[PDB]
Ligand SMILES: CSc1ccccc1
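The chain below stands alone, shown as structure tokens; this is the form solved without (methylsulfanyl)benzene.
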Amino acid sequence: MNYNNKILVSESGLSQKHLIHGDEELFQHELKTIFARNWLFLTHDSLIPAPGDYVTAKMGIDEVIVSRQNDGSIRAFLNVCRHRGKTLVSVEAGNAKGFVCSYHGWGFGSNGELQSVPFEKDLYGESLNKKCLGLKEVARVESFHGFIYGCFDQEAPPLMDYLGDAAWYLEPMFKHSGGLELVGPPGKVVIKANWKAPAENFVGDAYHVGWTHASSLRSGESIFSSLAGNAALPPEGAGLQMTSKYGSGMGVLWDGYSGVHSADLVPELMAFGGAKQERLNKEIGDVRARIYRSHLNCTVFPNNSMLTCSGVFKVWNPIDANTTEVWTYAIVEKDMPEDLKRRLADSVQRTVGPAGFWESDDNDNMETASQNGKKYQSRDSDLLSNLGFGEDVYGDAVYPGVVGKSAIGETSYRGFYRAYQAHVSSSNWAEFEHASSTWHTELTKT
């Protein structure tokens, strides 16, 4: 397939070829043009707070070690020994000054440097140039209010610029709330879906909720429970959708601070969120204080998703075109009482974790949609994302980005796929930029 020319996503992001969820050659191409190019979620300050603390993380199909340095910075390195290529670290988290390889005993610092080699003097003499044998380092590591992302491509935009218009929506919860903590360890489960299926669903899919999650809505008694079985459409002005130049997007459901949480947590959460909002009105204005306590379903392009207020944080780790390893953390506000934090974390896993009854509702949707992309008569078929097209705006006086002023639509699909197509057909960041110079015009046609 010639990725320079093949129209995988149509103009304005209105449709995508079904093969994108099934084609293994495209998956291999995405490793280069999506995962090796873009910012990928690694960890949170809260999981590696002290010098020498480390975690392992995936970046695409690669595994990295992410380590808190003595100077307080974070550096990340391929989890691969520079000698004969053994995996260096076999655990998920810990604290160490360095990492010794279990094959021949080479010792690397927490800073990636090759510090020792057994019997170096007797064996290598002075001939081993250890200065050139440090672990392969992730070129870019940056933080968004404690959330640490990495990028293999030195040419990437700064993380803040990469978030584009999405950042404005995230800041009330990520910054002005006093900050968030990631509660580990994550749940980890493999699903037989393409990584794009959950990514697209979280970025932009409010339409499915009433039908897909009918049983979870009815059974759990959450705040959004009137939606069960499409019994009731959200009212006028219940929310909006947004997207951005580099593909990140989200839905906003006004006031839904208790999110997916079952009635057991609703009163406590609605009190806590409302109290903080009252304080934030004075600091950031009524609209943004309201956004703070509004439910955001967001994907940070390509494969990191979250539900603010529900407190869900997801990584869709790619394995192959129909296999994805799903990592599920809880996010909590630092200033919540510890007992509430504990109960919130358990409720996140209860709802969307490995035995998450809500997330179970989505399994067949994402698995069969992905697997159908391999089937001969479906490969060249068009997946549709035209809901709300012709009603999106850009440059709004109150809400930035390309915005659909309705709770339910496919605005965020279109922006996600526009960015995806621009990357897949480009060889580097400069080419992506050239391909994206009229991004918002494209999205707001008709």
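Start at 1 with the first residue shown and count on from there.
Keep in mind that the form solved in complex with (methylsulfanyl)benzene is not shown, yet the notes after this line are about it.
- With the partner left out here, (methylsulfanyl)benzene still marks one of 290 to 298, 265 to 273, 186 to 194, 171 to 179 in the bound PDB entry; by a 4.5 Å heavy atom cut-off that stretch is 290 to 298.
- Each of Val209, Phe224 and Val260 comes within 4.5 Å of (methylsulfanyl)benzene in the bound PDB entry, counting any heavy atom.
- Residue contact check for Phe313: none of its heavy atoms lie within 4.5 Å of (methylsulfanyl)benzene in the bound PDB entry.
- In the bound PDB entry, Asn201 approaches (methylsulfanyl)benzene with a heavy atom inside 4.5 Å.
- Contact check for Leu307: a non-hydrogen atom falls within 4.5 Å of (methylsulfanyl)benzene in the bound PDB entry.
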